[PDB]
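Below is one structure, written out as structure tokens; comments come after it.
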Amino acid sequence: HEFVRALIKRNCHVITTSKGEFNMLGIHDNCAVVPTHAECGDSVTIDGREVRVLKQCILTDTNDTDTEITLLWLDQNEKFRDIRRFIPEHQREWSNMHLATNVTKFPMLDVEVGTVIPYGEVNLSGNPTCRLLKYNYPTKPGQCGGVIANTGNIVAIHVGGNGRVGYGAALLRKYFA
């Protein structure tokens, strides 16, 4: 609510790649999360400036299936507010979740997507993607990277949809240990 808006303002940035504009969610220290299909390079445009990526980790499950989550370790002095304590340890169903992003098409957007349910593996644009949470909301192109959350629970980043539902990549605390 207030929590989600403060999260966007404090930890989120516009990342621009050849795939367009995405929301980038800082997690802790210099480590941020972006959708894997943003295809970030060795340096990324953040809030209109080139930022060098010290290390990139494309996260996979134990069968090497994409989670659609990529970790960026950024060459910056700033430290993200450590939000790991709000990131769940396991996949679970959540009620009254919001999608929030800040992007040219969707500036300071916050919308209620409702209930978020663990949904498993889905092929997104031909690529198998695991550990997705699904919400019955007609999410739109340009909302990728948006945060799926509510007060105290930071649960996914938005990574796809089909015009009727949205798929979020589950954020799990062990990713960020």
Residue pairs, Cβ under 7 Å, 6 or more apart or interchain, first in the range 124-140 and free of Cβ contacts under 8 Å to residues at least 24 places away in the same chain, second surrounded by 19 or more Cβ atoms within 10 Å (Cβ to Cβ) and assigned to a strand (DSSP E or B). List them. none
Note on the range 14-59: residues touching a residue at least 40 places away in the same chain (Cβ under 8 Å), part of a strand (DSSP E or B) and more than 22 Å from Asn127 (Cβ to Cβ) are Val14, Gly26, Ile27, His28, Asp29, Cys31
If you check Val103, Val111, which single one turns out to be in the same structural domain as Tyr167 (by CATH), within 16 Å of the chain's Cα centre (by Cα), hydrophobic (A, V, I, L, M, F, W, C) and part of a loop (DSSP other than H, G, I, E, B)? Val103
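Counting neighbours? That spans all protein chains shown, and the Cβs are built from the backbone with ideal geometry, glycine included. The values are calculated or read from the model by the stated rules, or taken from the named source; nothing here is a laboratory result.
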